[PDB]
>>> print(open('structure_7.pdb').read())   # PDB, C-alpha atoms
ATOM      1  CA  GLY A   1      11.408 -31.634   2.613  1.00  0.00           C
ATOM      2  CA  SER A   2      11.420 -28.491   0.482  1.00  0.00           C
ATOM      3  CA  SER A   3      11.343 -27.276  -3.121  1.00  0.00           C
ATOM      4  CA  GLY A   4      11.628 -24.145  -5.241  1.00  0.00           C
ATOM      5  CA  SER A   5      10.984 -22.624  -8.659  1.00  0.00           C
ATOM      6  CA  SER A   6      11.682 -19.582 -10.835  1.00  0.00           C
ATOM      7  CA  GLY A   7      10.478 -17.945 -14.036  1.00  0.00           C
ATOM      8  CA  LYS A   8       7.184 -16.236 -13.232  1.00  0.00           C
ATOM      9  CA  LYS A   9       6.438 -13.383 -15.636  1.00  0.00           C
ATOM     10  CA  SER A  10       2.838 -14.169 -16.579  1.00  0.00           C
ATOM     11  CA  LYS A  11      -0.587 -14.973 -15.133  1.00  0.00           C
ATOM     12  CA  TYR A  12       0.031 -18.362 -13.523  1.00  0.00           C
ATOM     13  CA  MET A  13      -1.266 -20.238 -10.479  1.00  0.00           C
ATOM     14  CA  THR A  14       1.272 -20.010  -7.654  1.00  0.00           C
ATOM     15  CA  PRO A  15       1.223 -20.549  -3.866  1.00  0.00           C
ATOM     16  CA  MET A  16       2.885 -17.159  -3.404  1.00  0.00           C
ATOM     17  CA  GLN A  17      -0.457 -15.619  -4.364  1.00  0.00           C
ATOM     18  CA  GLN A  18      -1.547 -16.231  -0.772  1.00  0.00           C
ATOM     19  CA  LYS A  19       1.043 -13.920   0.785  1.00  0.00           C
ATOM     20  CA  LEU A  20       0.523 -10.975  -1.567  1.00  0.00           C
ATOM     21  CA  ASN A  21      -2.966 -10.952  -0.051  1.00  0.00           C
ATOM     22  CA  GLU A  22      -2.193 -11.744   3.588  1.00  0.00           C
ATOM     23  CA  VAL A  23       0.390  -8.953   3.726  1.00  0.00           C
ATOM     24  CA  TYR A  24      -1.978  -6.519   2.014  1.00  0.00           C
ATOM     25  CA  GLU A  25      -4.812  -7.216   4.454  1.00  0.00           C
ATOM     26  CA  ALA A  26      -2.436  -7.153   7.423  1.00  0.00           C
ATOM     27  CA  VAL A  27      -1.913  -3.451   6.718  1.00  0.00           C
ATOM     28  CA  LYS A  28      -5.644  -2.838   6.312  1.00  0.00           C
ATOM     29  CA  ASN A  29      -6.620  -4.531   9.576  1.00  0.00           C
ATOM     30  CA  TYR A  30      -3.704  -2.924  11.415  1.00  0.00           C
ATOM     31  CA  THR A  31      -4.982  -0.182  13.721  1.00  0.00           C
ATOM     32  CA  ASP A  32      -3.590   2.560  15.958  1.00  0.00           C
ATOM     33  CA  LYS A  33      -2.786   2.235  19.662  1.00  0.00           C
ATOM     34  CA  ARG A  34      -6.527   2.650  20.211  1.00  0.00           C
ATOM     35  CA  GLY A  35      -8.437   1.560  17.122  1.00  0.00           C
ATOM     36  CA  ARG A  36      -8.087   3.952  14.196  1.00  0.00           C
ATOM     37  CA  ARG A  37      -7.649   2.430  10.737  1.00  0.00           C
ATOM     38  CA  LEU A  38      -4.562   3.978   9.141  1.00  0.00           C
ATOM     39  CA  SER A  39      -5.427   2.644   5.686  1.00  0.00           C
ATOM     40  CA  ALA A  40      -8.907   4.139   6.031  1.00  0.00           C
ATOM     41  CA  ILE A  41      -7.602   7.555   4.987  1.00  0.00           C
ATOM     42  CA  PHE A  42      -5.595   5.820   2.263  1.00  0.00           C
ATOM     43  CA  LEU A  43      -8.425   3.662   0.919  1.00  0.00           C
ATOM     44  CA  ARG A  44     -10.327   6.200  -1.179  1.00  0.00           C
ATOM     45  CA  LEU A  45      -8.985   9.483  -2.555  1.00  0.00           C
ATOM     46  CA  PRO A  46     -10.876  12.640  -3.606  1.00  0.00           C
ATOM     47  CA  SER A  47     -11.354  12.997  -7.362  1.00  0.00           C
ATOM     48  CA  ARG A  48     -10.216  16.051  -9.324  1.00  0.00           C
ATOM     49  CA  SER A  49     -13.648  17.689  -9.211  1.00  0.00           C
ATOM     50  CA  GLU A  50     -13.553  17.408  -5.419  1.00  0.00           C
ATOM     51  CA  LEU A  51      -9.931  18.071  -4.460  1.00  0.00           C
ATOM     52  CA  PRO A  52      -8.175  19.250  -7.649  1.00  0.00           C
ATOM     53  CA  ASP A  53      -5.415  21.158  -5.857  1.00  0.00           C
ATOM     54  CA  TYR A  54      -4.274  17.686  -4.809  1.00  0.00           C
ATOM     55  CA  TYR A  55      -3.269  16.468  -8.268  1.00  0.00           C
ATOM     56  CA  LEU A  56      -1.442  19.766  -8.776  1.00  0.00           C
ATOM     57  CA  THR A  57       0.731  18.840  -5.794  1.00  0.00           C
ATOM     58  CA  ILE A  58       1.147  15.075  -6.114  1.00  0.00           C
ATOM     59  CA  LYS A  59       2.070  14.296  -9.721  1.00  0.00           C
ATOM     60  CA  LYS A  60       2.297  10.586  -8.910  1.00  0.00           C
ATOM     61  CA  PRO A  61      -0.828   9.847  -6.827  1.00  0.00           C
ATOM     62  CA  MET A  62      -0.915   6.316  -5.414  1.00  0.00           C
ATOM     63  CA  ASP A  63      -3.904   4.693  -3.710  1.00  0.00           C
ATOM     64  CA  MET A  64      -4.338   1.383  -1.888  1.00  0.00           C
ATOM     65  CA  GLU A  65      -6.754   0.358  -4.642  1.00  0.00           C
ATOM     66  CA  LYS A  66      -3.992   0.598  -7.247  1.00  0.00           C
ATOM     67  CA  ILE A  67      -2.153  -2.373  -5.743  1.00  0.00           C
ATOM     68  CA  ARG A  68      -5.215  -4.347  -4.653  1.00  0.00           C
ATOM     69  CA  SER A  69      -6.943  -4.033  -8.027  1.00  0.00           C
ATOM     70  CA  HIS A  70      -3.947  -5.375  -9.949  1.00  0.00           C
ATOM     71  CA  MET A  71      -2.849  -7.853  -7.279  1.00  0.00           C
ATOM     72  CA  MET A  72      -6.294  -9.462  -7.189  1.00  0.00           C
ATOM     73  CA  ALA A  73      -5.851  -9.998 -10.929  1.00  0.00           C
ATOM     74  CA  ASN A  74      -2.603 -11.863 -10.261  1.00  0.00           C
ATOM     75  CA  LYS A  75      -0.784  -8.949 -11.895  1.00  0.00           C
ATOM     76  CA  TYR A  76       2.095  -8.497  -9.450  1.00  0.00           C
ATOM     77  CA  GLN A  77       5.053 -10.888  -9.441  1.00  0.00           C
ATOM     78  CA  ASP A  78       6.709 -10.951  -6.018  1.00  0.00           C
ATOM     79  CA  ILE A  79       6.134  -9.394  -2.597  1.00  0.00           C
ATOM     80  CA  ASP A  80       9.038  -7.006  -3.171  1.00  0.00           C
ATOM     81  CA  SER A  81       7.113  -5.733  -6.195  1.00  0.00           C
ATOM     82  CA  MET A  82       4.174  -4.696  -4.016  1.00  0.00           C
ATOM     83  CA  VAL A  83       6.299  -3.204  -1.235  1.00  0.00           C
ATOM     84  CA  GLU A  84       8.328  -0.956  -3.534  1.00  0.00           C
ATOM     85  CA  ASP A  85       4.944   0.626  -4.253  1.00  0.00           C
ATOM     86  CA  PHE A  86       3.592   1.076  -0.726  1.00  0.00           C
ATOM     87  CA  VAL A  87       6.789   2.998   0.020  1.00  0.00           C
ATOM     88  CA  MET A  88       5.791   5.778  -2.375  1.00  0.00           C
ATOM     89  CA  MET A  89       2.284   5.881  -0.907  1.00  0.00           C
ATOM     90  CA  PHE A  90       3.877   7.101   2.325  1.00  0.00           C
ATOM     91  CA  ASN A  91       6.798   8.948   0.734  1.00  0.00           C
ATOM     92  CA  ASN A  92       4.577  11.544  -0.937  1.00  0.00           C
ATOM     93  CA  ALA A  93       2.354  11.601   2.148  1.00  0.00           C
ATOM     94  CA  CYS A  94       5.297  12.926   4.162  1.00  0.00           C
ATOM     95  CA  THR A  95       5.173  16.046   1.990  1.00  0.00           C
ATOM     96  CA  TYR A  96       1.515  16.240   0.972  1.00  0.00           C
ATOM     97  CA  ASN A  97       0.608  16.104   4.664  1.00  0.00           C
ATOM     98  CA  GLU A  98       1.998  18.326   7.422  1.00  0.00           C
ATOM     99  CA  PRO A  99       4.809  17.056   9.687  1.00  0.00           C
ATOM    100  CA  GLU A 100       2.367  17.459  12.575  1.00  0.00           C
ATOM    101  CA  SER A 101      -0.714  15.609  11.326  1.00  0.00           C
ATOM    102  CA  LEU A 102      -2.393  12.277  12.066  1.00  0.00           C
ATOM    103  CA  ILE A 103      -1.692  10.803   8.632  1.00  0.00           C
ATOM    104  CA  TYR A 104       1.982  11.748   8.904  1.00  0.00           C
ATOM    105  CA  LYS A 105       2.984   9.764  11.990  1.00  0.00           C
ATOM    106  CA  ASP A 106       0.455   7.101  10.998  1.00  0.00           C
ATOM    107  CA  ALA A 107       2.136   6.586   7.624  1.00  0.00           C
ATOM    108  CA  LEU A 108       5.522   5.854   9.196  1.00  0.00           C
ATOM    109  CA  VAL A 109       3.888   3.014  11.127  1.00  0.00           C
ATOM    110  CA  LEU A 110       2.295   1.466   8.040  1.00  0.00           C
ATOM    111  CA  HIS A 111       5.825   1.466   6.619  1.00  0.00           C
ATOM    112  CA  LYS A 112       7.628  -0.184   9.535  1.00  0.00           C
ATOM    113  CA  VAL A 113       4.814  -2.741   9.660  1.00  0.00           C
ATOM    114  CA  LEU A 114       5.122  -3.754   6.006  1.00  0.00           C
ATOM    115  CA  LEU A 115       8.904  -3.876   6.401  1.00  0.00           C
ATOM    116  CA  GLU A 116       8.356  -6.583   9.017  1.00  0.00           C
ATOM    117  CA  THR A 117       5.848  -8.768   7.172  1.00  0.00           C
ATOM    118  CA  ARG A 118       8.422  -9.659   4.518  1.00  0.00           C
ATOM    119  CA  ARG A 119       9.750 -13.142   5.279  1.00  0.00           C
ATOM    120  CA  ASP A 120      13.239 -14.415   4.456  1.00  0.00           C
TER
END
>>> encode(input="structure_7.pdb", output="structure tokens")
Amino acid sequence: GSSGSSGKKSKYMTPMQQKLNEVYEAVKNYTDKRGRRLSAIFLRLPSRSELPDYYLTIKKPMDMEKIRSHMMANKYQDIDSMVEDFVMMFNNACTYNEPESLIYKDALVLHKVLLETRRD
């Protein structure tokens, strides 16, 4: 058998709350060809006092915490809502970081990976 529903725009208990997490973690656990966490360099960002020049460059700074924080608080709605965000995380990275860095090529991966998780 099977069933479905629609009309989720508030804090409610839903089974879809399991995925939002699974997918999120999947990216965290994901490692390089050897064993280098790609999200590690995207987990915590340097504050203004530390790396101010950063803010000057990236006007729309996005960190992994942003999603997690909210998500955990059943803030998001659907998986597509979380993905649309991750995209930016890498988008800006492409520029912020050099085209010949470790975070550059790494980012691309984190993108292709998340693009796979999504289930029809």
>>> resolve_selection(input="structure_7.pdb", expression="the PyMOL selection byres ((chain A and resi 28) around 10)", output="PDB file with C-alpha atoms, in the coordinates of the input")
ATOM      1  CA  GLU A  22      -2.193 -11.744   3.588  1.00  0.00           C
ATOM      2  CA  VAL A  23       0.390  -8.953   3.726  1.00  0.00           C
ATOM      3  CA  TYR A  24      -1.978  -6.519   2.014  1.00  0.00           C
ATOM      4  CA  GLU A  25      -4.812  -7.216   4.454  1.00  0.00           C
ATOM      5  CA  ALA A  26      -2.436  -7.153   7.423  1.00  0.00           C
ATOM      6  CA  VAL A  27      -1.913  -3.451   6.718  1.00  0.00           C
ATOM      7  CA  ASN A  29      -6.620  -4.531   9.576  1.00  0.00           C
ATOM      8  CA  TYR A  30      -3.704  -2.924  11.415  1.00  0.00           C
ATOM      9  CA  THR A  31      -4.982  -0.182  13.721  1.00  0.00           C
ATOM     10  CA  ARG A  37      -7.649   2.430  10.737  1.00  0.00           C
ATOM     11  CA  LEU A  38      -4.562   3.978   9.141  1.00  0.00           C
ATOM     12  CA  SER A  39      -5.427   2.644   5.686  1.00  0.00           C
ATOM     13  CA  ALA A  40      -8.907   4.139   6.031  1.00  0.00           C
ATOM     14  CA  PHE A  42      -5.595   5.820   2.263  1.00  0.00           C
ATOM     15  CA  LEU A  43      -8.425   3.662   0.919  1.00  0.00           C
ATOM     16  CA  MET A  64      -4.338   1.383  -1.888  1.00  0.00           C
ATOM     17  CA  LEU A 110       2.295   1.466   8.040  1.00  0.00           C
TER      18      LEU A 110
END
>>> closest_residue(input="structure_7.pdb", among="A:17, A:77, A:92, A:49", to="residue A:63", atoms="all atoms listed in the file")
A:92
>>> resolve_selection(input="structure_7.pdb", expression="the PyMOL selection byres ((chain A and resi 78) around 12)", output="NGL selection string")
:A and (6-10 or 14-21 or 23 or 71 or 74-77 or 79-85 or 118-119)
>>> closest_residue(input="structure_7.pdb", among="A:89, A:47, A:11, A:4", to="residue A:72", atoms="only C-alpha atoms")
A:11
>>> atom_distance(input="structure_7.pdb", atom1="atom CA of residue A:99", atom2="atom CA of residue A:33")
19.4 Å
>>> closest_residue(input="structure_7.pdb", among="A:109, A:51, A:45, A:102", to="residue A:65", atoms="only C-alpha atoms")
A:45
>>> residues_near_point(input="structure_7.pdb", point="(3.3, 11.6, 1.8)", cutoff="10 Å", atoms="only C-alpha atoms", output="PyMOL selection string")
chain A and resi 58+61-62+87-99+103-104+107-108
>>> atom_distance(input="structure_7.pdb", atom1="atom CA of residue A:34", atom2="atom CA of residue A:101")
16.8 Å
>>> atom_distance(input="structure_7.pdb", atom1="atom CA of residue A:73", atom2="atom CA of residue A:44")
19.4 Å
>>> axis_aligned_box(input="structure_7.pdb", around="stretch 46-52 of chain A", padding_each_side="6 Å", output="AutoDock Vina command-line options")
--center_x -10.9 --center_y 15.9 --center_z -6.5 --size_x 17.5 --size_y 18.6 --size_z 17.7
>>> build_atoms(input="structure_7.pdb", residues="stretch 76-100 of chain A", atoms="N, CA, C and O atoms", output="CSV table (one decimal), keeping the file's coordinate frame")
chain,number,residue,atom,x,y,z
A,76,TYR,N,0.8,-8.6,-10.1
A,76,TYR,CA,2.1,-8.5,-9.4
A,76,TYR,C,2.9,-9.8,-9.7
A,76,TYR,O,2.4,-10.8,-10.2
A,77,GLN,N,4.2,-9.7,-9.3
A,77,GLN,CA,5.1,-10.9,-9.4
A,77,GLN,C,5.5,-11.4,-8.1
A,77,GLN,O,5.2,-12.6,-7.7
A,78,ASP,N,6.2,-10.6,-7.3
A,78,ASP,CA,6.7,-11.0,-6.0
A,78,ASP,C,6.3,-9.9,-5.0
A,78,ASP,O,5.8,-8.8,-5.3
A,79,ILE,N,6.5,-10.3,-3.7
A,79,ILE,CA,6.1,-9.4,-2.6
A,79,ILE,C,6.9,-8.1,-2.7
A,79,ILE,O,6.4,-7.0,-2.4
A,80,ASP,N,8.2,-8.2,-3.0
A,80,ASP,CA,9.0,-7.0,-3.2
A,80,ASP,C,8.5,-6.0,-4.2
A,80,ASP,O,8.7,-4.8,-4.1
A,81,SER,N,7.7,-6.6,-5.1
A,81,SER,CA,7.1,-5.7,-6.2
A,81,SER,C,6.0,-4.9,-5.6
A,81,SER,O,5.8,-3.8,-6.1
A,82,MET,N,5.3,-5.4,-4.6
A,82,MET,CA,4.2,-4.7,-4.0
A,82,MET,C,4.7,-3.7,-3.0
A,82,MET,O,4.2,-2.6,-2.9
A,83,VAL,N,5.7,-4.1,-2.2
A,83,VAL,CA,6.3,-3.2,-1.2
A,83,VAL,C,6.9,-1.9,-1.9
A,83,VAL,O,6.5,-0.8,-1.5
A,84,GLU,N,7.7,-2.1,-2.9
A,84,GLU,CA,8.3,-1.0,-3.5
A,84,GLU,C,7.3,0.1,-3.8
A,84,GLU,O,7.6,1.3,-3.9
A,85,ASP,N,6.0,-0.3,-4.0
A,85,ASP,CA,4.9,0.6,-4.3
A,85,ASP,C,4.5,1.3,-3.0
A,85,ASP,O,4.5,2.6,-2.9
A,86,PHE,N,4.1,0.5,-2.0
A,86,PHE,CA,3.6,1.1,-0.7
A,86,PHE,C,4.5,2.2,-0.2
A,86,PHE,O,4.0,3.2,0.3
A,87,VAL,N,5.8,2.0,-0.4
A,87,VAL,CA,6.8,3.0,0.0
A,87,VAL,C,6.4,4.4,-0.5
A,87,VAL,O,6.3,5.3,0.3
A,88,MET,N,6.2,4.5,-1.8
A,88,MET,CA,5.8,5.8,-2.4
A,88,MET,C,4.5,6.3,-1.7
A,88,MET,O,4.5,7.5,-1.4
A,89,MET,N,3.5,5.5,-1.5
A,89,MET,CA,2.3,5.9,-0.9
A,89,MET,C,2.5,6.7,0.3
A,89,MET,O,1.9,7.7,0.5
A,90,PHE,N,3.5,6.4,1.1
A,90,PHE,CA,3.9,7.1,2.3
A,90,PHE,C,4.9,8.2,2.0
A,90,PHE,O,4.7,9.3,2.6
A,91,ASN,N,5.8,8.0,1.1
A,91,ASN,CA,6.8,8.9,0.7
A,91,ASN,C,6.1,10.3,0.4
A,91,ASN,O,6.4,11.3,1.1
A,92,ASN,N,5.3,10.3,-0.6
A,92,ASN,CA,4.6,11.5,-0.9
A,92,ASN,C,3.8,12.1,0.2
A,92,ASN,O,3.7,13.3,0.5
A,93,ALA,N,3.1,11.2,1.0
A,93,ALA,CA,2.4,11.6,2.1
A,93,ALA,C,3.2,12.5,3.1
A,93,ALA,O,2.6,13.5,3.6
A,94,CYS,N,4.4,12.2,3.3
A,94,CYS,CA,5.3,12.9,4.2
A,94,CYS,C,5.3,14.4,3.8
A,94,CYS,O,5.3,15.3,4.6
A,95,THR,N,5.2,14.7,2.5
A,95,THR,CA,5.2,16.0,2.0
A,95,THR,C,3.7,16.6,1.9
A,95,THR,O,3.4,17.6,2.5
A,96,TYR,N,2.9,15.8,1.2
A,96,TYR,CA,1.5,16.2,1.0
A,96,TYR,C,0.9,16.6,2.3
A,96,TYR,O,0.2,17.6,2.4
A,97,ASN,N,1.1,15.8,3.3
A,97,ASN,CA,0.6,16.1,4.7
A,97,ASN,C,1.6,16.8,5.5
A,97,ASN,O,2.8,16.8,5.3
A,98,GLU,N,1.1,17.6,6.5
A,98,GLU,CA,2.0,18.3,7.4
A,98,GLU,C,2.8,17.4,8.4
A,98,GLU,O,2.3,16.3,8.7
A,99,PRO,N,4.0,17.8,8.8
A,99,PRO,CA,4.8,17.1,9.7
A,99,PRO,C,4.2,16.9,11.1
A,99,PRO,O,4.8,16.4,12.0
A,100,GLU,N,3.0,17.5,11.3
A,100,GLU,CA,2.4,17.5,12.6
A,100,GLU,C,0.9,17.1,12.4
A,100,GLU,O,0.0,17.6,13.1
